[PDB]
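Okay, so here's just one chain, in structure tokens, the form deposited in one PDB entry.
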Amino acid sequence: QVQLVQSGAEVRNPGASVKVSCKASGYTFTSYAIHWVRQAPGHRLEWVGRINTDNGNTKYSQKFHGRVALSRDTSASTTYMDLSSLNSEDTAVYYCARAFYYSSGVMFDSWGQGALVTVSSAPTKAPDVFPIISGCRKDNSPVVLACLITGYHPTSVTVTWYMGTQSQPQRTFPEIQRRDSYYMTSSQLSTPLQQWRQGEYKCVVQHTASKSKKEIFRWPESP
């Protein structure tokens, strides 16, 4: 299938630069142009520019005043967006998208998953992750597992639950900023447990801004 897969979230100080990548698969890379489009939080889509993947020719939005450059590496089927002199208004999700021709124009027929660029002067911090549990381990009553994810910056984290190699249904909850300016959230294993055994389930917490992943696979005895 046609697929565009982008690099991960990035954090940068004001005045720095960022390079985001977009790897294409499932079609002939050089036969279709790539566009970049951004979305600042809660706001509208904004075109950044276009690159011809065959010959490398570029076009840009006037809004960027020379601060953006697009490039391509055909050997890697990848395009790159380099944005310099970053400012607070550049905090946004950056998407790539494939330009497809139809009889009377071009449309953006396939989009990457987006990469969040956060422009911030604050330190990046990986989350602490605590195994939490509702219920005890004496009645015919459900035990519910969750993971409390706290003390991280910036947003966001991504959580997955496993039983062995098999991903499990989870409930996701919003992230909230604490009074100390760090963030916190929780993830709950969706299915209550009838027969709890140690090490069977694990929660995996990814925080790409800190290039970090933490897995919790033991729920110790309650106090």
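Residues that one form lacks are left out of the comparison. Only the largest set of C-alpha atoms that superpose within 1.5 Å between the two forms is called the rigid core. Just count from 1 along the sequence shown to find any residue number.
We do not show the form deposited in another entry, though everything after this point is about it.
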* Structure fact -> Just one entry of 124, 77, 91, 110 has its C-alpha move 2 Å or more between this form and the one not shown under rigid core superposition, and it is 124
* Inter-Cα distance between residue 88 and residue 174 in the other form, nearer or further [3 Å or more] -> closer
* To do: Look at the CA atoms of residue 117 and residue 207: state whether they lie closer or farther apart in the other form than in this form, given a difference of 3 Å or more.
  => farther
* Segments of at least three residues whose Cα atoms shift by 2 Å or more between this form and the one not shown, after superposing on the rigid core -> 122 to 137, 139 to 223
